Structures are given as structure tokens and as C-alpha cells.
2 protein chains.
Amino acid sequence: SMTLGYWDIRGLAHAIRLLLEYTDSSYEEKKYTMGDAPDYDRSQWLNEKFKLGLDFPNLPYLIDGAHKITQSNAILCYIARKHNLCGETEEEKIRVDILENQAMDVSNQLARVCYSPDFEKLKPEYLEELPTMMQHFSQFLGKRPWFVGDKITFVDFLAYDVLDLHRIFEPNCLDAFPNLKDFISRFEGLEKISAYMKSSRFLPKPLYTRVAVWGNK
Amino acid sequence: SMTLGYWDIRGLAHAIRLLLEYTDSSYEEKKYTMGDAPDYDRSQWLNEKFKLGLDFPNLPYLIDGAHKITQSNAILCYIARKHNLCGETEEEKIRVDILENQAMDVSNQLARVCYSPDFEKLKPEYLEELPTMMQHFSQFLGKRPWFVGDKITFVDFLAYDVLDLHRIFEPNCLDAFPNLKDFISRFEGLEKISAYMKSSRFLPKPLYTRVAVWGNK
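Residues numbered from 1 in each chain as written, not as in the entry; some residues may be left out. Chains lettered and ligands numbered in written order. Heavy atoms only, no water.

Structure determination for this PDB entry was carried out by X-ray crystallography, with a resolution of 3.3 Å recorded in the header.

Below is the structure:
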């Protein structure tokens with residue numbers, strides 16, 4: 001088995017947590033909690049930072065015996081490798097790379113605004129540019145069922161999560177693009193995914209950590 | 001010939017101008033210039049932007065004839081691939097995934113600082129944690145000549161970029177881990193790298209865009 005560490009928050013973990021589930025990967029949940037109050041006690045994880053012997057201390061981090069890795073993309077990729085959930089042809093592979101970094105780019109964009117007390121100040125600015133943003137995901141998906149082609153890849157996990165984030169932030173987004181709404185259908189109707197969705201250990205929210213103005217819980 | 005387009009700023013393309021330089025890739029430079037005044041004008045880009053046909057119109061971008069690869073990382077993966085400077089062995093693949101992203105993490109982290117209003121307030125905090133972050137980089141290289149191991153991969157260029165960045169910022173941050181220093185000197189000593197460095201196309205500064213509280217020019 002393998003263990004995955006992070007907080008009991010969705011965060012950058014929700015993508016990996018999806019990937020491991022879809023591939024019947026027998027994993028273990030390593031979640032650390034931080035206090036509320038004025039000084040968000042982030043100890044739980046801190047006292048175990050060094051004890052894991054990670055190259056670069058941080059979470060999410062994956063454990064698979066002589067395999068302990070950090071950095072979100074490194075983890076997703078690695079699980080994808082033993083499943084071929086990466087590109088095959090040069091075209092597929094480049095579309096995977098673009099989308100890879102692009103997904104994380106927009107996740108971060110939304111994060112920055114949500115991790116800023118000036119929330120409502122920047123909130124509209126994001127909401128106004130957002131339509132053009134969503135527009136392109138459809139421009140990319142377009143013809144194929146899965147963002148890269150007819151085959152499912154790890155990037156299709158990144159795409160789902162980032163789509164659901166905005167969906168809850170402002171539901172009135174994907175509607176203008178039935179293309180993007182369709183995607184969130186296949187990637188929900190999947191036997192193993194519906195299973196995980198309707199399971200006891202299904203973690204949707206909190207979106208952001210206690211230190212978030214919005215999405216915190 | 002492939003076209004490389006980015007602002008007249010070194011920025012993120014700095015690693016790319018080295019990589020395609022090293023791989024003898026027949027490139028051409030499309031520099032877009034930023035304006036000043038209260039509204040730092042970027043019309044040159046805005047006007048072109050959508051015309052180029054990038055699935056996700058962003059700068060820097062690469063148009064290898066019939067290939068419009070956007071986003072630095074995806075660009076790096078693209079060039080490296082065609083010149084096999086990628087992780088060959090599974091253990092190397094993990095090193096490549098970790099380093100690439102980690103180097104990208106710290107670069108944007110410094111980018112968070114130089115792009116935030118209160119530079120001189122947040123700066124001491126970065127210096128406050130700078131050494132420890134650097135430590136880990138030293139660990140990773142360890143005894144190897146190149147971060148991944150015996151061979152040179154794209155992640156070396158990336159690393160060299162992020163390392164040099166911190167050398168102009170704080171000349172003594174790297175002055176604690178000689179292991180990292182030698183790596184740099186080795187990198188610069190590479191025949192087709194020294195030539196570029198003392199060539200009319202070498203772009204070492206401006207570091208940040210013409211709006212950054214630090215690094216702009």
C-alpha cells in the first residue's frame with residue numbers, strides 16, 4: 001500500500017486522491033489538522049516534517065516504499081506512469097503538458113484571490129475575465145471526450161477538479177459551454193468514481209484551509 | 001526555424017533561451033516590449049495574442065512550425081524530449097518531476113515577493129527562510145554533477161536559472177553550500193553555454209517585468 005499526506009482539506013490533494021481511487025490503488029490517508037483561533041496552530045504536520053526524510057519537505061507528499069515524493073505534478077505523473085495515463089503519441093503528450101501547467105495555473109489564480117483578505121475587491125475582476133477563461137477549456141476539449149483524445153489521462157483529473165471549483169464558486173459558468181458540462185458527466189459516471197463519490201471517505205470541502213477568506217471550513 | 005516569443009524581460013524564458021541554445025535548435029526571437037506610465041502598456045502582445053492561434057494564448061509561447069506550445073514548462077518538455085534531455089530511468093523521472101516543479105515553485109515564490117506591494121516588508125521574511133530552502137537544493141544534487149545524476153537534463157537549466165536569480169538578490173545565500181556553487185560554474189563552463197553568455201543574444205536582465213517592485217528595468 002501507499003500513504004498520501006495532506007490536510008483534511010480538499011486543496012491540491014483532491015486531484016491525486018481521485019487518481020489513486022480510479023486506479024484501484026490501495027492507499028492510506030495521512031491527514032494533519034491545524035487549529036482555528038487567531039494563530040492557526042499548524043503543528044500536527046510540522047512535528048513530522050523532517051521525520052519522513054522527504055527531499056523537499058511539504059504536502060501533499062506520496063509514499064510508496066522507497067518512493068516518497070512531493071510537488072503535486074510529480075505525484076500525479078508517477079501514479080499515471082504505472083497505468084499509462086500519460087500521452088502516447090507526441091501530440092497527445094504535448095497536450096498533456098500544456099493542460100498540466102495550465103490547470104494548475106488557473107487553480108492558483110483562484111487561490112491567490114481567495115487567500116487575499118481583499119477578496120471582494122478582486123472577486124469581480126476574476127469573475128469578469130472568467131468567461132474567456134472557461135471558453136478556452138471548451139476550445140481545447142472541443143471534439144474529443146477527454147481533453148487529450150479518446151483516452152483518459154491524469155490531466156482529465158486535473159480538468160475535473162478545477163472545473164468543479166469554479167462551478168461552486170460561480171455555477172453560472174460552464175452553462176455557456178455544454179461541452180465542458182458534458183465532460184463533468186463522463187468523469188462522474190465512471191463506475192469506480194461514482195463509488196468513491198458515494199463513499200464514506202469522499203472529501204469535497206473545505207476547499208481551502210482555515211486561513212482562507214472563502215472556501216474555508 | 002521555431003519562434004520564441006516573450007517580453008523584452010528575461011523572466012521565465014531565461015531557461016528556454018539556454019535550452020534551445022544548447023540543443024542547437026534553430027530558433028528566432030520575437031520580443032514584445034512593455035510600456036510604463038500608470039498603465040504599463042502591453043499592446044504589442046494584446047493585439048497579436050489571439051491572432052497566433054494558441055489554444056491558451058499566453059506569453060512566453062513557442063511555435064515550432066506546426067506546433068504552438070505555450071507555457072514555459074510545456075515548452076521545456078517539448079525541446080528536451082526531441083533532444084532526449086529528459087529522465088530516462090524511472091528513478092531519474094522522479095528526480096526530473098520533483099526538480100522541475102520545485103524550481104518552478106520557488107521561482108514563483110520569489111515572484112510573489114517582487115510582485116507584492118510591500119517589498120521591503122515581505123523581503124526579510126523570505127531571507128528569514130531562504131537558507132533552509134536552499135539547503136534542500138544542495139541535498140538533491142548531493143555529489144552528482146547534474147541534479148538528476150550522471151547526465152544533463154532540462155531541469156539543470158531550470159535550476160541554474162532559479163539559482164542565479166537568488167545570487168543577484170542576495171549574493172550570500174548560495175555562499176553556504178559550495179556543492180551548489182560548483183554546479184553553477186560547471187554549467188557556465190559548458191562550451192556552447194559560455195559562447196551564448198558572451199554573445200549578443202544573451203538576456204540576463206531585466207529580471208522581472210517593467211512593473212515589478214524589484215527586478216524591473
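1. Observations concerning the UniProt feature "binding site: glutathione" in chain A
Residue and element names in this part refer to chain A. As annotated by UniProt and renumbered to match this structure, "binding site: glutathione" occupies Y6, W7, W45, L46, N47, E48, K49, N58, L59, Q71 and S72. Checked against the element boundaries, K49 lands in the loop between helix 2 (43-46) and strand 3 (61-63). For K49, a relative accessible area of 23% gives the class partly exposed. Along the polypeptide, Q71 turns up in the loop between strand 4 (68-69) and helix 3 (72-81). (UniProt positions renumbered as here; feature names shortened; annotations may be inferred. Helix = DSSP H or I, 4+ residues; strand = E, 2+ residues; numbered from the N terminus. Buried < 20%, exposed > 50% of the residue type's maximum accessible area, 1.4 Å probe, protein only.)

2. A word on the environment of A:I98
Relative to the assigned elements, A:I98 resides in helix 4 (residues 90-114). On the basis of relative accessibility, which here comes to 9%, the residue A:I98 falls in the buried class. The spacing of A:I98 and A:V155 is 57 residues in sequence and 9.7 Å in space, taken between C-alpha atoms. Residues in contact with A:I98, not counting those within four places in the same chain, are A:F140, B:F56, B:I69, B:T70, B:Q71 and B:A74. (Contact = heavy atoms within 4.5 Å.)

3. Details of a nonpolar patch on the surface
All names here are of chain B. A contiguous nonpolar patch, built from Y40, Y115 and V211 and spanning about 270 Å² of accessible area, is present on the exposed surface. Checked against the element boundaries, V211 lands in the segment after helix 8 (191-197). Classification of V211 as partly exposed rests on a relative accessible area of 42%. (Patch = residues over 30% accessible without salt bridge, like charges linked within 9 Å, V, L, I, M, F, W, Y side chains within 5 Å. Areas by Shrake-Rupley, 256 points an atom, 1.4 Å probe, with all protein chains shown as cover. Salt bridge = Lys/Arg side-chain N within 4 Å of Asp/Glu carboxyl O.)

4. Description of the UniProt feature "binding site: substrate" in chain A
Residues and elements named next belong to chain A. On the UniProt side, "binding site: substrate" is annotated at positions that read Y115 here. Positionally, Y115 belongs in the loop between helix 4 and helix 5 (119-141). Among residues more than four places away in sequence, those in contact with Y115 are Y208, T209, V211 and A212.

5. Overview of the relation of the copies chain A and chain B
Take chain A, turn it by 180°, move it 0.2 Å along the axis, and it overlays chain B with an RMSD of 0.6 Å. Here the two chains are linked by the operation of a two-fold rotation axis. Interface overlap between copies is the fraction of interface residues in one copy that are interface residues in the other; for chain A against chain B it reaches 89%, indicating a shared surface. (Least-squares fit on C-alpha atoms.)

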